[PDB]
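K.L.:
Chains as they are written, first to last, in the authors' numbering: chain A, 99 to 301; chain A', -3 to 58, 73 to 453; chain A'', -3 to 58, 73 to 453. A prime marks a further copy of an entry chain.
Backbone N, C-alpha and C fix where the C-beta goes; we use that ideal spot for every residue, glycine too.
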Amino acid sequence: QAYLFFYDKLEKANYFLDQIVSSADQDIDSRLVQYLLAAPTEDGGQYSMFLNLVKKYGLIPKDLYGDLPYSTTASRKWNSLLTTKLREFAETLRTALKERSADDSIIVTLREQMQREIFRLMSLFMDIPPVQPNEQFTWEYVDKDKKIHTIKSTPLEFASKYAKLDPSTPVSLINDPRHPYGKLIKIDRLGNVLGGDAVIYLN
Amino acid sequence: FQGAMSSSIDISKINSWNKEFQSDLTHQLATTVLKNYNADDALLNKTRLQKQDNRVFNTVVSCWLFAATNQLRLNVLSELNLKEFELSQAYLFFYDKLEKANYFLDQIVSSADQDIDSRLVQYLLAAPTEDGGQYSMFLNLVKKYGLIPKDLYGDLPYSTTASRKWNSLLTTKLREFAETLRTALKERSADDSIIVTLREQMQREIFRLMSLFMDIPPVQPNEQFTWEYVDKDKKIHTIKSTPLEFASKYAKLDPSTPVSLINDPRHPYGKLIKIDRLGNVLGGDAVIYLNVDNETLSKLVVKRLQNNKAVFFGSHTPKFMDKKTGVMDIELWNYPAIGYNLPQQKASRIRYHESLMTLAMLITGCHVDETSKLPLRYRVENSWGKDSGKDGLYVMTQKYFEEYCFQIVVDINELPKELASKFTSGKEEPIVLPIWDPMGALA
Amino acid sequence: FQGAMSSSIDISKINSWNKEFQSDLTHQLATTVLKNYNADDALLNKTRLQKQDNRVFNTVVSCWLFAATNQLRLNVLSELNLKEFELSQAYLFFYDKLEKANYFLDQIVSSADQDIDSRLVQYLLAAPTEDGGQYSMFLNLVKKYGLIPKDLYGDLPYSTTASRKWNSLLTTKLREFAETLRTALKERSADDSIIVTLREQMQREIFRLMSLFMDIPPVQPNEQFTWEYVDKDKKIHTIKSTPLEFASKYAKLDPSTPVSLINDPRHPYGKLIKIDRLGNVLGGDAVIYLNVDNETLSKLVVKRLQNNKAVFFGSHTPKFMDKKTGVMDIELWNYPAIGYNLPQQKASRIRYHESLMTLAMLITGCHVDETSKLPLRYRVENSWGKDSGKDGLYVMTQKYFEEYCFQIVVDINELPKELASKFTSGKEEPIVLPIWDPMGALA
């Protein structure tokens, strides 16, 4: 679970930076901006967000990446330190955006230094997973019969070949009396992986 | 495409950075320790603790409800020569909650014109009856209800200590009433007979539910109560008085003298600041602050203390506060040792949702640079008991005061005529902030 | 003078060094964390833990008293088809303590010639009846007393679990007897009538005090006992046997096959090593080890395991052992991150009072480099229960085995004729070490 938790938090933080740039035009005291500054890296999530993570990172057996780190069970402190920094970065960005354009060289550099800094702080409470999504890992295990086996696979292939996950089949329905039935419902801006799928429900 | 790509998390990038951080010894040590322990517990700096934990103060006196009533408590204690004494907090808590709920109904009617999904309405539905409050709200309660000794109205009821459940049931009902009102307002006018009746039935229902968790106080504000007590000498006495007279004659409270100042870098100093719609008793006073610089703020704290009176103040608890040792020092934890530094300034911290007032406490002392200078540290007290801090006492640095404290309350007579007139002129137009401003209610 | 001065602690020196260490970021972080937490708790490396905590073993079987009897326990379990079974540890514990105390009296007589303040005598008076032991000592007990099911002699007595008090009272008496003997030996000869009587009264007194904390076992070694039990099938059975026959016929123990090897870098390999005077049953076998290199030692562990038998082994507990996670890895704690490195090698560690055998455990499995190589990790089990380690199981690295383990016990028939002959030739003269050698008794 920690595997996904790590990338979810790293992605949300990065996504937040983008949300701030795309709303740089609105006032700091606006409804959207204040809302963005409220809880940038909360642990919550949705199913589409789960799929956005799995399509990009895959899955791995817990044996290779457990819940050993303190923050994996008591993330409140960690999240708080991260958020305090994201609030500083938000000002740094907005400020730099008053004079420079978004695609401007300076901004692009600034955003990269922020990703760097986010990742650095995160690596202090959790290690980046041991293998990259397309990198092979070797897993030793014992089956029901006490017979030992070795599996060599990558996180992505594993999620697919062994976990049998097909990201195209899952869809979520919802009973939301506020709107007509048979209509599709979309939650604006809600996400984790920049450019990932949106939160969609069929009412 | 290029921009969106540059803004995505690149796996090669983070793994390359990881490789670089891992070749740094400080980082290797930092992630060993930080995967094992809470950053605050791991980084608490005992070397700094050693020099900052100083409990000597050369200027000393001889949650929001406790902090606001403490002085009045002292007044009674001295006026009647008692060994111990306590004002009923529950008395004010009961009326504060009943008033807030009623006030909420009014807020809903006055905003019936805006959509349900609007910023103000949604905000109103969020936490209609939270326990927090401000000093002006305390005065609004005391002017209407007075004060009573704790002996006549204690914290016996369950909900007086665990109000969360109760508050929740109340709020669920207030949310139902909000719809009932708004709905009835689509066709009828506010002053319309039907609405007025509807609102009264709601007050009734609120009071009924409240009476289930707490009893209405035993006497009305102008109703006499008789209080039997024992003074320091074991000699018994009987006092016959009403809540209002008591707050005045024995507690010595004059609602016209207290004024609160604040250090809010977002706005010019010398200007008055008003929090829109924030209140409890319908038609009561508004939350008003006179914005001022820190030097002035610090000097006022010293003067009040030299006048032998503790100082009500609002701060951002528990930022940089160590409850175990009772220290409030923004440098007590060695975060820079792990490359964690915080450059964002006070004004920005506020605008960017990073700092706000969350709690009211009391400054009961301070230490001034006896050379020819100014305050270095303050003695702070809360109502958590001898358990919190050192026997309940805290020590706060001057720098912490400047950076994570905002408001203090003083008597207008202790202010320079220059600032006093800000409250008495009538020429000052206040800067008006939204009801959700970070500089609002204190727990 | 110059030399003594250069060897003194110079205040300017240490404060100058401090200044230099303080300007190093890793050091600043290290002393922040280390003033707050235990070095082991602070430096435990979870990144290393993650990869080393592997509970997969391709070679598996299907405190000193528990480890030495476990196999015999298994033998009975299989021989009688029981769901569960346990040999009495208390049985051996009783006679071990009684024998050691008696043996001590003999040690004192045989060294009566040396001064009281001598190295050997003072050493003898130190801990005459400690609970530790060796494998040869286990055999000396079994050859004389046999074995019995726990059901007939359990750990009911208080002292069987908290022997410290009891041992202390016994030792105080043994110290009194030591003087009484030595004194009587200044004038009389050892074989002198008086001495012989005196020694018998002492045995009597030892046994009397021991019988107060534990009962002598219910049957004598050649005395038949009747044991009622239930097999896996709920079917009841009665076994009539004596302790000696039982240890042999049901436990299948042959005292002639077990031999112990050891990796002691202080001496040449291929040579036999003997611990002088170390024993329990007067006239019993001595503690003997065949010194061998680690490759050989590791291979023997594999072979025993492939023969489906756990392996008794002595190591330095709890060096580099994490009880909470059940891991024995000398690199599990990131000490080099704080500049703490340990270059001293095994042979030196032993000679310099840094490492010794302290505890006996069992190797119940291992993982071999299935390519074409050798063992990588071993499965280890102790008798502390499911609480210690992971459900009581530990995982030990190959490197830990090489560095902080020393002795293993195998059957002479599993040894290469080359090494087997070392025990059967009769030509080998053993290297003789003092009774206080770090390679002695195991707890």
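Give a yes or no on whether the minimum CB-CB distance between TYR350 of chain A' and chain A'' is below 8 Å.
P.N.:
No, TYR350 of chain A' does not count as interfacial toward chain A''.
K.L.:
Would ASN392 of chain A'' and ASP106 of chain A'' be called neighbours here (beta carbons separated by less than 8 Å)?
P.N.:
No, the pair does not count as a contact, with Cβ atoms beyond the cut-off.
K.L.:
Can you check DSSP and say which residues form a bridge with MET406 of chain A''?
P.N.:
In the DSSP output, where bridge partners are listed per residue, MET406 of chain A'' has A'':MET338, A'':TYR388.
K.L.:
Contact between the region 330 to 348 of chain A'' and the region 391 to 405 of chain A'' is defined here as three or more beta-carbon pairs at a separation below 8 Å; is this criterion met?
P.N.:
Counting Cβ pairs under 8 Å, three or more are found: they touch.
K.L.:
Kindly indicate which residue of A':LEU92, A':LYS333, A':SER258 has the alpha-carbon position closest to the one of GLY399 of chain A'.
P.N.:
It is A':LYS333 whose Cα lies nearest to the Cα of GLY399 of chain A'.
K.L.:
Check residue 526 of chain A'' in the structure and name its three-state DSSP category.
P.N.:
Chain A'' is shown from -3 up to 453; residue 526 of chain A'' falls before or after that span and cannot be answered.
K.L.:
Give a yes or no on whether the minimum CB-CB distance between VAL29 of chain A'' and chain A' is below 8 Å.
P.N.:
At least one chain A' Cβ lies under 8 Å of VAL29 of chain A''.
K.L.:
Give a yes or no on whether the minimum CB-CB distance between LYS42 of chain A'' and chain A is below 8 Å.
P.N.:
Chain A, which has a Cβ nearer than 8 Å to the Cβ of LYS42 of chain A'', makes this yes.
K.L.:
For a cutoff of 8 Å on Cβ pairs, would you count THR22 of chain A'' as touching chain A'?
P.N.:
With 8 Å as the cut-off, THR22 of chain A'' counts as an interface residue toward chain A'.
K.L.:
I need the straight-line Cα distance from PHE17 of chain A'' to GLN24 of chain A'', nearest angstrom please.
P.N.:
Computed Cα separation, rounded: 8 Å.
K.L.:
Give me the chain A'' residues within the contact set of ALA136 of chain A', using Cβ-Cβ distance strictly less than 7 Å, ordered along the chain.
P.N.:
Within chain A'', no residue comes near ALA136 of chain A'; the closest Cβ sits about 39 Å away, beyond 7 Å.
K.L.:
Is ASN32 of chain A'' close to chain D? Criterion is C-beta to C-beta, closer than 8 Å.
P.N.:
Included in the structure are the protein chains A, A' and A'', with no chain D among them.
K.L.:
Suppose you measure from the CA of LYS319 of chain A' to the CA of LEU87 of chain A'; what does that come to, to the nearest Å?
P.N.:
Those two C-alpha atoms are separated by around 14 Å.
K.L.:
What's the gap between the Cα of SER173 of chain A and the Cα of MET220 of chain A?
P.N.:
Their backbone Cα atoms lie some 11 Å apart in a straight line.
K.L.:
Give me the chain A residues within the contact set of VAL52 of chain A'', using Cβ-Cβ distance strictly less than 8 Å, ordered along the chain.
P.N.:
Correct list: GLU238, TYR239, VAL240, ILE246.
K.L.:
Buried or exposed for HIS363 of chain A'', going by 16 or more other Cβ atoms inside 10 Å?
P.N.:
That one is exposed.
K.L.:
Pull the bridge partners of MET371 of chain A' from the DSSP assignment, please.
P.N.:
Answer by DSSP bridge pairing, in chain order: A':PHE323.
K.L.:
Are any of the Cβ atoms in chain A' nearer than 8 Å to that of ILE204 of chain A?
P.N.:
With 8 Å as the cut-off, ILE204 of chain A does not count as an interface residue toward chain A'.
K.L.:
Pairs of beta-carbons, one from the region 344 to 357 of chain A' and one from the region 271 to 285 of chain A', closer than 8 Å: are there three or more?
P.N.:
These segments touch.
K.L.:
Pull up the CB-CB distance for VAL297 of chain A' and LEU288 of chain A', whole angstroms please, since I reckon it's below 8 Å.
P.N.:
Yes, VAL297 of chain A' and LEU288 of chain A' are in contact; Cβ-Cβ is about 5 Å, under 8 Å.
K.L.:
Whether or not the region 27 to 41 of chain A' and the region 166 to 181 of chain A are in contact is what I'm after, with contact meaning three or more pairs of Cβ atoms, one per stretch, closer than 8 Å; do they touch?
P.N.:
Flag = yes, the region 166 to 181 of chain A and the region 27 to 41 of chain A' touch.
K.L.:
Kindly indicate which three-state DSSP category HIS377 of chain A' falls into: helix, strand or coil?
P.N.:
Note: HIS377 of chain A' maps to strand in three-state DSSP.
K.L.:
The beta strand (DSSP E) with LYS250 of chain A' in it runs from where to where?
P.N.:
Start and end: 246 to 251.
K.L.:
Three or more C-beta pairs closer than 8 Å, one from the region 227 to 235 of chain A' and one from the region 126 to 133 of chain A': is that the case here?
P.N.:
Segments in contact, no.
K.L.:
Below 6 Å CB to CB, which residues in the same chain sit around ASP116 of chain A'' once its five sequence neighbours on both sides are set aside?
P.N.:
Counting only Cβ-Cβ distances below 6 Å, and skipping sequence neighbours, we find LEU292.
K.L.:
Output yes if chain A places a C-beta closer than 8 Å to the C-beta of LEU384 of chain A''; else output no.
P.N.:
No, its Cβ sits nowhere closer than 8 Å to a Cβ of chain A.
K.L.:
What did DSSP end up calling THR236 of chain A' once you bin it into helix, strand or coil?
P.N.:
Of the three classes helix, strand and coil, the one that applies to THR236 of chain A' here is strand, per DSSP.
K.L.:
Kindly indicate the opening and closing residues of the alpha helix (DSSP H) around residue 302 of chain A.
P.N.:
Outside the shown range of chain A (99 to 301) lies residue 302 of chain A, about which nothing can therefore be said.
K.L.:
Since I believe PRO138 of chain A' is in contact with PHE223 of chain A' (beta carbons under 8 Å), could you give me their beta-carbon distance rounded to a whole number of angstroms?
P.N.:
The pair is not a contact, with the Cβ atoms about 16 Å apart (cut-off 8 Å).
K.L.:
At what residue ranges does the region -2 to 49 of chain A'' contain a whole run of the alpha helix (DSSP H), taking only runs of 4 or more?
P.N.:
Segments of the alpha helix (DSSP H) lying fully in the region -2 to 49 of chain A'': -2 to 1, 7 to 18, 21 to 30, 35 to 39, 42 to 48.
K.L.:
Just list the residues that DSSP pairs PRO268 of chain A'' with in beta bridges.
P.N.:
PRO268 of chain A'' is bridged to A'':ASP421.
K.L.:
Using beta-carbon positions only, say whether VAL312 of chain A'' and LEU195 of chain A'' come within less than 8 Å of one another.
P.N.:
Contact: no.
K.L.:
How is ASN304 of chain A'' classed by DSSP in three states: helix, strand or coil?
P.N.:
In the structure shown, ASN304 of chain A'' sits in a helix (DSSP, three-state: H, G or I).
K.L.:
Would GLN46 of chain A'' count as contacting chain A if we go by Cβ distances under 8 Å?
P.N.:
Yes - at least one Cβ of chain A is within 8 Å of the one on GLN46 of chain A''.
K.L.:
Quick one: grab the DSSP three-state call for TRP74 of chain A'.
P.N.:
Note: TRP74 of chain A' maps to helix in three-state DSSP.
K.L.:
Report the CB separation of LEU162 of chain A from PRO228 of chain A in whole angstroms; it is logged as a contact under 8 Å.
P.N.:
Sure, about 6 Å apart at Cβ, within 8 Å.
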